[PDB]
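Chemist:
Number of protein chains: 2
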Amino acid sequence: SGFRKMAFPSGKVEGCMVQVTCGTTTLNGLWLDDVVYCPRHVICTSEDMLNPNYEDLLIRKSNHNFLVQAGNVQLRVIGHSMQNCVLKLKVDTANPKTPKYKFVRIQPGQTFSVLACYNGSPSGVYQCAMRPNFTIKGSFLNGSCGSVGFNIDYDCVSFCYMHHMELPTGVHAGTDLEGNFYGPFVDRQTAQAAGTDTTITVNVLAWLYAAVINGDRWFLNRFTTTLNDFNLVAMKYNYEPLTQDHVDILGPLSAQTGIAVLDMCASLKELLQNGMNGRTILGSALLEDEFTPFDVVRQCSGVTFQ
Amino acid sequence: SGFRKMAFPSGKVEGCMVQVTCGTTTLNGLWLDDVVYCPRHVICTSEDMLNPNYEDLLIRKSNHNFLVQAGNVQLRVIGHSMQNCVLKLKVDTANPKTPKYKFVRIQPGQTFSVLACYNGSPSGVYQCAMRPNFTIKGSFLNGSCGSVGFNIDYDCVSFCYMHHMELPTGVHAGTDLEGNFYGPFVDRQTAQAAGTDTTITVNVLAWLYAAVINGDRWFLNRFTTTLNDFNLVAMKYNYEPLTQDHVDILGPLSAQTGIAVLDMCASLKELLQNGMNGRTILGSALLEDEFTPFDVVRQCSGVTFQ
Ligand SMILES: [K+]
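Protein chains in written order, with the entry's author numbering: chain A, 1 to 306; chain B, 1 to 306.
#1: Would you call the segment 134-147 of chain A and the segment 294-303 of chain A in contact, with 3 or more CB pairs under 8 Å?
#2: Would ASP33(A) and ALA94(A) qualify as a contact pair, given that the criterion is a beta-carbon distance under 7 Å?
#3: In whole angstroms, what is the alpha-carbon distance linking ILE152(B) and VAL261(A)?
#4: Using a Cβ-Cβ cut-off of 8 Å (strictly less than) and excluding sequence neighbours within five positions of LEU57(B), which residues of its own chain qualify?
#5: Apart from the five residues just before and just after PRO52(A), which ones in its own chain have a Cβ nearer than 8 Å to its Cβ?
#6: Could you confirm whether any beta carbon from chain A is found closer than 7 Å to the beta carbon of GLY302(B)?
#7: In chain order, what residues of the segment 16-49 of chain A put their CB closer than 7 Å to some CB of chain B?
#8: Quick one: Cα of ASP245(B) to Cα of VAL104(B), how far?
#9: What residues match up with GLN74(A) in a beta bridge as DSSP calls it?
#10: Where DSSP assigns a beta bridge to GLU166(B), which residues make up the other side?
#11: Within 7 Å of any Cβ in chain A, is that where the Cβ of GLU55(B) sits?
#12: Relative to the C-alpha of residue 351(B), which residue among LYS236(B), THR280(B), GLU290(B), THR135(B) is closest?
#13: How long is the line joining the alpha carbons of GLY183(B) and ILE106(B), rounded to whole angstroms?
#14: At a CB distance below 8 Å, what residues from the segment 156-177 of chain A approach chain B? Give them in sequence order.
#15: What does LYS137(A) reach in chain B if we use C-beta pairs closer than 9 Å?
#16: Name all residues in chain order for which at least one heavy atom of ligand 1 lies closer than 5 Å to the residue's CB.
#17: Contact criterion: CB-CB distance below 7 Å. Does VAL297(A) meet it with respect to chain B?
#18: Check the Cβ of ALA210(A) against every Cβ in chain B and list those closer than 7 Å, keeping chain order.
#19: Need the endpoints of the alpha helix (DSSP H) that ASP229(B) sits in, please.
#20: By a C-beta neighbour count over all protein chains shown, 10 Å radius and 16 as the cutoff for buried, is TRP218(B) buried or exposed?
#21: For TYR154(A), name the three-state secondary structure that DSSP assigns.
#22: Could you give the residue range of the beta strand (DSSP E) that holds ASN221(A)?
#23: Determine the direct distance from the alpha carbon of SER46(A) to that of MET17(A), and round the result to whole angstroms.
#24: For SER147(B), decide whether its Cβ has a neighbour in chain A, counting only Cβ atoms nearer than 7 Å.
#25: Write down the C-beta distance between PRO9(B) and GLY124(A) rounded to the nearest angstrom, noting that I regard them as a contact closer than 8 Å.
#26: Using the C-alpha atoms, what's the distance from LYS137(B) back to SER1(A)?
#27: Just to confirm the assignment: which complete beta strand (DSSP E) runs, minimum length 3, are found wholly within the segment 8-64 of chain B?
#28: Going by beta carbon distance, what residues of the same chain come within less than 6 Å of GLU55(B), once the five residues before and after it are set aside?
#29: Compare the beta carbon distance of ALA285(A) and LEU286(B) with 7 Å and say whether it is the shorter of the two.
#30: Quick one: Cα of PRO108(A) to Cα of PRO108(B), how far?
#31: Could you tell me which residues DSSP puts in a beta bridge with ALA129(A)?
#32: In the DSSP assignment, find the alpha helix (DSSP H) that holds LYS97(A) and state where it starts and stops.
#33: Going by beta-carbon coordinates alone, are residue 325(A) and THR201(A) separated by less than 7 Å?
#34: Determine which residues of the segment 58-92 of chain A have a Cβ less than 9 Å from any Cβ of chain B, and write them out in chain order.
#35: Is the Cβ-Cβ distance between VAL148(B) and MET162(B) less than 7 Å?
#36: In three-state DSSP terms, what is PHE294(B)?
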């Protein structure tokens with residue numbers, strides 16, 4: 001029994017984290033084969049950041065301007081290119097600990113593990129959701145940039161996020177490993193508003209299913225609802241619209257528990273309208289939305305890796 | 001900067017997890033040097049479990065009764081001993097991936113990362129507290145036993161927990177790596193009651209400090225209190241007494257924020273009595289108690305590992 005914010009095991013990613021330094025800026029890089037990936041803003045000074053011309057700043061850089069340290073081993077940079085907002089430093093050594101990996105672009109609502117690093121060394125691991133507004137509510141400090149988010153399938157690491165910046169609101173933004181930001185953000189120190197953050201409805205439902213599996217059934221009610229009637233109530237409480245695709249993905253959990261998706265939707269409707277009356281679900285007084293349907297299945301069925 | 005249930009990186013522990021099989025039972029073992037540690041109840045059948053005489057059950061066992069698999073590599077058992085409730089299988093091979101480690105017995109309140117495993121293979125990693133009643137509110141399924149809890153200092157893994165059993169209440173119990181149960185529990189299938197669980201006061205305070213660091217200052221009040229006056233209020237809300245040792249360990253955070261421990265205590269007093277008025281601290285509507293003072297320092301200062 002029990003249910004936790006459970007992260008993927010970090011071992012495979014630990015062995016890819018390096019320190020990258022340029023000028024006075026030190027952040028993290030991801031070392032896969034003979035390439036180190038890191039945020040390109042590492043080449044910028046404080047003043048460059050206000051309006052950086054990256055094409056120009058990079059032409060003015062040479063390989064020796066980049067210091068890459070893997071543990072107590074200096075990696076020599078022998079090449080550099082830029083892909084969107086990621087810097088690719090070609091190094092003299094293929095990472096012996098390179099795992100099987102893919103670069104994946106995730107959708108809002110999907111979750112991943114983050115290996116928060118400083119100076120190429122891991123500080124911790126935690127589970128995360130890509131928020132609907134394309135931010136993530138991470139735990140990152142100065143120098144966290146280059147830290148990556150990932151999922152694991154079997155033995156294959158699917159890298160989906162690289163951390164680039166913190167916004168004034170204290171939430172975080174970054175790119176896929178091709179250097180394309182998630183959301184309407186740029187690696188420039190210019191005012192940038194997060195879109196309004198909404199609650200990931202399908203994930204709340206998934207977590208309610210988790211709660212049922214673990215006993216909690218008090219929120220189950222006698223009501224039912226149509227999909228559209230639900231979404232009308234949801235929108236009023238800043239909940240993402242629930243699509244048919246979402247309903248379909250919840251199918252496995254609806255089958256496991258025997259509770260139909262729209263029935264669970266009704267249970268949520270009431271919770272939104274009335275509240276919880278000081279009661280808690282899976283130890284939480286708030287409706288948790290950082291667990292996907294698949295995440296519940298994985299934790300409740302005991303899926304392992306490598 | 002944000003705040004998350006953040007686990008230690010699992011890499012070092014991943015490389016120590018093996019599968020151990022005996023009779024009708026498969027669970028997990030921890031492979032350090034030429035020894036594999038696992039719960040001794042692996043030698044029991046269903047019938048043995050009702051009233052096991054372990055000294056006698058083990059005398060009747062031979063090395064060949066124990067099948068240890070590290071991936072697709074069979075480890076040959078060449079010896080067996082019992083230390084309290086842990087079985088130590090001596091094998092023909094020292095684990096090449098043995099990290100620097102200690103075996104530590106933690107105190108109630110203290111936290112650790114758990115690497116949940118099935119069949120010697122990791123499913124995930126999550127942060128945990130040793131509850132005051134010596135249970136842990138884990139996420140474990142059938143076959144999780146042998147899974148370990150740990151902290152890391154620099155490069156040294158301090159193993160503090162091995163999972164042995166789930167109790168009727170759905171919470172978990174186990175031993176230090178010397179095989180001594182935490183709490184009044186035994187590795188017998190006989191009814192066993194968890195003591196009443198209390199809230200880990202020192203940890204709630206630590207987490208309030210974390211909240212200050214991340215902005216939230218609304219719960220700060222002008223009032224102060226003596227230690228005893230605080231504990232009188234605490235006991236009424238099922239909070240662990242706050243000791244002077246607790247005050248001392250909160251020292252770093254009190255220094256960092258400039259808020260005195262007893263001042264923070266007063267702020268907590270009010271929160272306990274009046275509630276939050278539907279407000280939230282670090283995204284939570286409940287007072288969180290599974291973060292130690294050190295855990296907050298590590299997350300908020302960016303402490304890394306190896
Ligand atoms: K219902």
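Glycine included, C-beta positions come from ideal geometry on N, C-alpha and C.
Modeler: Looking at the coordinates:
#1: no
#2: On the first sequence, position 33 is the one that residue 33(A) refers to. On the first sequence, position 94 is the one that residue 94(A) refers to. Cβ atoms of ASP33(A) and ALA94(A): closer than 7 Å.
#3: Taking the second sequence and counting its residues from 1, the one referred to as residue 152(B) is at position 152. Taking the first sequence and counting its residues from 1, the one referred to as residue 261(A) is at position 261. The straight-line gap from Cα to Cα measures roughly 42 Å.
#4: For this step, residue 57(B) is matched to residue 57 along the second sequence. Counting only Cβ-Cβ distances below 8 Å, and skipping sequence neighbours, we find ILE43, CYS44, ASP48.
#5: Locating residue 52(A) in the first sequence gives position 52, where the first residue counts as 1. These residues qualify, in order along the chain: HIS41, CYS44, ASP187, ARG188.
#6: As a first step, residue 302(B) is located in the second sequence; it is residue number 302 there, counting from the start. Chain A, which has a Cβ nearer than 7 Å to the Cβ of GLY302(B), makes this yes.
#7: none
#8: Locating residue 245(B) in the second sequence gives position 245, counting from the first residue. Locating residue 104(B) in the second sequence gives position 104, counting from the first residue. Cα-Cα distance, rounded: 19 Å.
#9: Numbered from its first residue, the first sequence carries residue 74(A) at position 74. Beta-bridge pairing links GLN74(A) to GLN69(A).
#10: Position 166 of the second sequence, counted from the first residue, corresponds to residue 166(B). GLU166(B) is bridged to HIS172(B).
#11: In the second sequence, the residue the question calls residue 55(B) occupies position 55. Answer no: the Cβ-Cβ gap between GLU55(B) and chain A never drops below 7 Å.
#12: Nothing in the structure corresponds to residue 351(B), since chain B is present only between 1 and 306.
#13: The sequence position of residue 183(B) within the second sequence is 183, counting from 1. The sequence position of residue 106(B) within the second sequence is 106, counting from 1. Their Cα atoms are separated by approximately 12 Å.
#14: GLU166, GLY170, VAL171, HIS172
#15: As a position in the first sequence, residue 137(A) is number 137, starting the count at 1. Result: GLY2, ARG4, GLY283.
#16: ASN221(A), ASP263(A), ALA266(A), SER267(A)
#17: Here residue 297(A) is taken as the residue at index 297 of the first sequence, counted from 1. Chain B, which has no Cβ nearer than 7 Å to the Cβ of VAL297(A), makes this no.
#18: Within the first sequence, residue 210(A) is the residue found at index 210, counting from 1. Residues of chain B passing the Cβ test: none, with the nearest at roughly 10 Å.
#19: On the second sequence, position 229 is the one that residue 229(B) refers to. Residues 227-236.
#20: For the purposes of this step, residue 218(B) is identified with residue 218 of the second sequence, where counting begins at 1. It counts as exposed.
#21: The sequence position of residue 154(A) within the first sequence is 154, counting from 1. The answer is coil: DSSP assigns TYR154(A) none of H, G, I, E or B.
#22: By 1-based counting over the first sequence, the position of residue 221(A) is 221. Here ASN221(A) belongs to no beta strand (DSSP E), and DSSP marks it neither H nor E.
#23: What you label residue 17(A) is simply residue 17 of the first sequence in a count that begins at 1. What you label residue 46(A) is simply residue 46 of the first sequence in a count that begins at 1. Spanning the two alpha carbons is a distance of roughly 25 Å.
#24: Mapped onto the second sequence, residue 147(B) falls at position 147. So, not an interface residue.
#25: Walking along the second sequence from the start, residue 9(B) turns up at place 9. Walking along the first sequence from the start, residue 124(A) turns up at place 124. Sure, about 7 Å apart at Cβ, within 8 Å.
#26: Locating residue 1(A) in the first sequence gives position 1, counting from the first residue. Locating residue 137(B) in the second sequence gives position 137, counting from the first residue. Taking the straight line from one Cα to the other gives about 9 Å.
#27: 17-22, 25-32, 35-39
#28: Start at 1 with the first residue of the second sequence, and residue 55(B) comes out as number 55. Closer than 6 Å at the Cβ level, and outside the excluded window around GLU55(B), lies no residue.
#29: Taking the first sequence and counting its residues from 1, the one referred to as residue 285(A) is at position 285. Taking the second sequence and counting its residues from 1, the one referred to as residue 286(B) is at position 286. Contact: yes.
#30: Counting from one through the first sequence, the residue named residue 108(A) turns up at place 108. Counting from one through the second sequence, the residue named residue 108(B) turns up at place 108. About 39 Å.
#31: Taking the first residue of the first sequence as 1, we reach residue 129(A) at position 129. Beta-bridge pairing links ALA129(A) to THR111(A).
#32: In the first sequence, counting from the first residue as 1, residue 97(A) sits at position 97. Run containing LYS97(A): none; DSSP gives neither H nor E here.
#33: Residue 325(A) lies beyond the range of chain A shown here (1 to 306); nothing can be said about it.
#34: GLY71
#35: If you number the second sequence from 1, residue 148(B) lands on position 148. If you number the second sequence from 1, residue 162(B) lands on position 162. Yes, they are a contact pair.
#36: As a working note, residue 294(B) is residue 294 in the second sequence. DSSP places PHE294(B) in helix when its eight states are reduced to three.
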